[PDB]
file model-v9.cif (mmCIF, C-alpha atoms; chains and numbers go by the auth columns)
data_final
loop_
_atom_site.group_PDB
_atom_site.id
_atom_site.type_symbol
_atom_site.label_atom_id
_atom_site.label_comp_id
_atom_site.label_asym_id
_atom_site.label_seq_id
_atom_site.Cartn_x
_atom_site.Cartn_y
_atom_site.Cartn_z
_atom_site.B_iso_or_equiv
_atom_site.auth_seq_id
_atom_site.auth_asym_id
ATOM 1 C CA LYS A 1 -12.588 -46.062 18.230 0.00 134 A
ATOM 2 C CA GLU A 2 -12.525 -42.683 16.498 0.00 135 A
ATOM 3 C CA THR A 3 -11.315 -41.040 13.299 0.00 136 A
ATOM 4 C CA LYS A 4 -9.435 -37.793 12.694 0.00 137 A
ATOM 5 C CA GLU A 5 -9.075 -35.755 9.501 0.00 138 A
ATOM 6 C CA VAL A 6 -5.595 -34.360 8.857 0.00 139 A
ATOM 7 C CA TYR A 7 -3.988 -32.355 6.051 0.00 140 A
ATOM 8 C CA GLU A 8 -0.208 -32.617 5.759 0.00 141 A
ATOM 9 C CA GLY A 9 2.621 -32.168 3.284 0.00 142 A
ATOM 10 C CA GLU A 10 5.312 -29.665 2.333 0.00 143 A
ATOM 11 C CA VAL A 11 4.523 -25.941 2.236 0.00 144 A
ATOM 12 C CA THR A 12 6.091 -24.058 -0.663 0.00 145 A
ATOM 13 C CA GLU A 13 5.350 -20.683 0.955 0.00 146 A
ATOM 14 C CA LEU A 14 4.037 -19.750 4.410 0.00 147 A
ATOM 15 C CA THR A 15 2.440 -16.338 3.951 0.00 148 A
ATOM 16 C CA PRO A 16 -1.014 -15.077 4.976 0.00 149 A
ATOM 17 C CA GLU A 17 -3.181 -13.459 2.308 0.00 150 A
ATOM 18 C CA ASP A 18 -3.907 -9.865 3.306 0.00 151 A
ATOM 19 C CA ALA A 19 -7.277 -8.257 2.625 0.00 152 A
ATOM 20 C CA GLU A 20 -9.178 -5.048 3.271 0.00 153 A
ATOM 21 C CA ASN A 21 -10.315 -4.662 6.864 0.00 154 A
ATOM 22 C CA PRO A 22 -14.136 -4.939 7.026 0.00 155 A
ATOM 23 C CA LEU A 23 -14.138 -2.351 9.820 0.00 156 A
ATOM 24 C CA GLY A 24 -12.749 1.135 9.327 0.00 157 A
ATOM 25 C CA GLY A 25 -9.092 0.610 10.197 0.00 158 A
ATOM 26 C CA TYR A 26 -5.598 0.376 8.760 0.00 159 A
ATOM 27 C CA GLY A 27 -2.609 -1.935 8.473 0.00 160 A
ATOM 28 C CA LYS A 28 -3.052 -5.505 7.265 0.00 161 A
ATOM 29 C CA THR A 29 -6.120 -7.660 7.969 0.00 162 A
ATOM 30 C CA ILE A 30 -5.770 -11.289 6.899 0.00 163 A
ATOM 31 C CA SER A 31 -8.779 -12.986 5.305 0.00 164 A
ATOM 32 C CA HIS A 32 -7.109 -16.313 4.450 0.00 165 A
ATOM 33 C CA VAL A 33 -3.725 -18.006 4.811 0.00 166 A
ATOM 34 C CA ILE A 34 -2.558 -19.989 1.785 0.00 167 A
ATOM 35 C CA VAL A 35 -0.711 -23.184 2.733 0.00 168 A
ATOM 36 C CA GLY A 36 1.290 -25.146 0.197 0.00 169 A
ATOM 37 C CA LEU A 37 0.902 -28.916 0.158 0.00 170 A
ATOM 38 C CA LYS A 38 3.302 -31.563 -1.149 0.00 171 A
ATOM 39 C CA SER A 39 3.192 -35.294 -0.420 0.00 172 A
ATOM 40 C CA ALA A 40 4.182 -38.497 -2.172 0.00 173 A
ATOM 41 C CA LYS A 41 1.213 -39.785 -4.206 0.00 174 A
ATOM 42 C CA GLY A 42 -0.894 -36.653 -3.825 0.00 175 A
ATOM 43 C CA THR A 43 -0.223 -32.912 -3.774 0.00 176 A
ATOM 44 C CA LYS A 44 -2.532 -29.883 -3.703 0.00 177 A
ATOM 45 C CA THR A 45 -2.699 -26.317 -2.378 0.00 178 A
ATOM 46 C CA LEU A 46 -5.220 -24.874 0.065 0.00 179 A
ATOM 47 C CA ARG A 47 -6.046 -21.903 2.291 0.00 180 A
ATOM 48 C CA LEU A 48 -7.178 -21.670 5.905 0.00 181 A
ATOM 49 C CA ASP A 49 -8.751 -19.402 8.507 0.00 182 A
ATOM 50 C CA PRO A 50 -6.267 -16.631 9.482 0.00 183 A
ATOM 51 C CA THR A 51 -6.811 -17.625 13.121 0.00 184 A
ATOM 52 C CA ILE A 52 -3.800 -19.955 12.674 0.00 185 A
ATOM 53 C CA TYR A 53 -1.688 -16.804 13.042 0.00 186 A
ATOM 54 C CA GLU A 54 -1.094 -17.852 16.651 0.00 187 A
ATOM 55 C CA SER A 55 -0.500 -21.459 15.579 0.00 188 A
ATOM 56 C CA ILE A 56 2.237 -20.310 13.175 0.00 189 A
ATOM 57 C CA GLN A 57 3.786 -18.256 15.987 0.00 190 A
ATOM 58 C CA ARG A 58 5.955 -21.180 17.157 0.00 191 A
ATOM 59 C CA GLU A 59 6.826 -24.200 15.008 0.00 192 A
ATOM 60 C CA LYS A 60 10.646 -24.114 14.624 0.00 193 A
ATOM 61 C CA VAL A 61 11.005 -26.589 11.769 0.00 194 A
ATOM 62 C CA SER A 62 11.802 -24.768 8.513 0.00 195 A
ATOM 63 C CA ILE A 63 10.140 -22.641 5.844 0.00 196 A
ATOM 64 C CA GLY A 64 7.234 -25.017 5.246 0.00 197 A
ATOM 65 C CA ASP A 65 9.250 -28.241 5.214 0.00 198 A
ATOM 66 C CA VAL A 66 6.857 -30.737 6.846 0.00 199 A
ATOM 67 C CA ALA B 1 -25.897 -10.984 0.324 0.00 300 B
ATOM 68 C CA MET B 2 -25.149 -13.848 -2.081 0.00 301 B
ATOM 69 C CA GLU B 3 -22.752 -12.211 -4.561 0.00 302 B
ATOM 70 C CA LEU B 4 -19.850 -12.280 -2.091 0.00 303 B
ATOM 71 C CA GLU B 5 -19.917 -16.092 -2.064 0.00 304 B
ATOM 72 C CA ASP B 6 -19.477 -16.223 -5.840 0.00 305 B
ATOM 73 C CA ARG B 7 -16.815 -13.500 -5.688 0.00 306 B
ATOM 74 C CA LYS B 8 -14.804 -15.358 -3.039 0.00 307 B
ATOM 75 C CA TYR B 9 -15.150 -18.713 -4.798 0.00 308 B
ATOM 76 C CA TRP B 10 -14.035 -17.294 -8.147 0.00 309 B
ATOM 77 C CA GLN B 11 -11.127 -15.300 -6.713 0.00 310 B
ATOM 78 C CA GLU B 12 -9.912 -18.397 -4.857 0.00 311 B
ATOM 79 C CA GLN B 13 -10.333 -20.453 -8.039 0.00 312 B
ATOM 80 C CA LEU B 14 -8.266 -18.017 -10.105 0.00 313 B
ATOM 81 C CA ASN B 15 -5.622 -17.701 -7.373 0.00 314 B
ATOM 82 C CA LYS B 16 -5.346 -21.504 -7.179 0.00 315 B
ATOM 83 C CA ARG B 17 -3.957 -21.660 -10.737 0.00 316 B
ATOM 84 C CA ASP B 18 -0.848 -19.466 -10.565 0.00 317 B
ATOM 85 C CA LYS B 19 -0.115 -20.691 -7.031 0.00 318 B
ATOM 86 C CA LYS B 20 -0.138 -24.267 -8.362 0.00 319 B
ATOM 87 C CA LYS B 21 3.392 -25.549 -9.033 0.00 320 B
ATOM 88 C CA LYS B 22 2.789 -26.725 -12.600 0.00 321 B
ATOM 89 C CA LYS B 23 4.882 -24.548 -14.953 0.00 322 B
#
call {"tool": "encode", "arguments": {"input": "model-v9.cif", "output": "structure tokens"}}
result
Amino acid sequence: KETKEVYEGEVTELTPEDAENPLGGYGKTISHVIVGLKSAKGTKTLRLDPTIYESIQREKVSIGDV
Amino acid sequence: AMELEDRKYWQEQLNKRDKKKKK
């Protein structure tokens, strides 16, 4: 027996939140990725570690559908 | 050393309002 914690819903917009690079650099350095949430009987909005950039590399569903 | 925590929390708090689909 075990338990897992999962966040799920519908994403209004899938776009990482850019921020200044802590090291002397250029371009865009993501500090957080805002993920929209939408579910029946409960709906919020949250942000995540920009490491999911590789996770969002291949989903092939829609623009934040489920 | 501690001010960045408050800065991040408050900026996330203020960005959570307009991003919320309330209208």
call {"tool": "closest_atom_pairs", "arguments": {"input": "model-v9.cif", "of": "chain B", "to": "segment 150-169 of chain A", "cutoff": "10 Å", "atoms": "all atoms listed in the file", "output": "tab-separated table"}}
result
residue	atom	partner	partner_atom	distance
B:311	CA	A:165	CA	9.9
B:314	CA	A:167	CA	9.9
B:315	CA	A:167	CA	9.5
B:318	CA	A:169	CA	8.6
B:319	CA	A:169	CA	8.7
B:320	CA	A:169	CA	9.5
call {"tool": "resolve_selection", "arguments": {"input": "model-v9.cif", "expression": "the PyMOL selection byres ((chain A) within 10 of (chain B))", "output": "list in words"}}
result
residues 145, 146, 165, 167, 169, 170, 171, 176, 177, 178, 179 and 180 of chain A
call {"tool": "axis_aligned_box", "arguments": {"input": "model-v9.cif", "around": "segment 306-313 of chain B", "padding_each_side": "6 Å", "output": "AutoDock Vina command-line options"}}
result
--center_x -12.5 --center_y -17.0 --center_z -6.6 --size_x 20.5 --size_y 19.0 --size_z 19.1
call {"tool": "atom_distance", "arguments": {"input": "model-v9.cif", "atom1": "atom CA of residue 134 of chain A", "atom2": "atom CA of residue 192 of chain A"}}
result
29.4 Å
call {"tool": "atom_distance", "arguments": {"input": "model-v9.cif", "atom1": "atom CA of residue 144 of chain A", "atom2": "atom CA of residue 198 of chain A"}}
result
6.0 Å
call {"tool": "decode", "arguments": {"input": "model-v9.cif", "residues": "segment 300-315 of chain B", "atoms": "C-alpha atoms", "output": "CSV table (one decimal), in the first residue's frame"}}
result
chain,number,residue,atom,x,y,z
B,300,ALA,CA,19.6,36.5,2.9
B,301,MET,CA,16.0,36.6,4.1
B,302,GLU,CA,14.5,39.4,2.1
B,303,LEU,CA,14.4,37.4,-1.1
B,304,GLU,CA,11.9,34.9,0.4
B,305,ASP,CA,9.5,37.8,1.2
B,306,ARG,CA,10.1,39.3,-2.2
B,307,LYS,CA,9.3,36.0,-4.0
B,308,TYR,CA,6.3,35.2,-1.9
B,309,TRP,CA,4.8,38.7,-2.4
B,310,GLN,CA,5.5,38.8,-6.2
B,311,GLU,CA,3.9,35.3,-6.5
B,312,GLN,CA,0.9,36.5,-4.4
B,313,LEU,CA,0.4,39.6,-6.6
B,314,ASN,CA,0.8,37.6,-9.8
B,315,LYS,CA,-1.7,35.0,-8.6
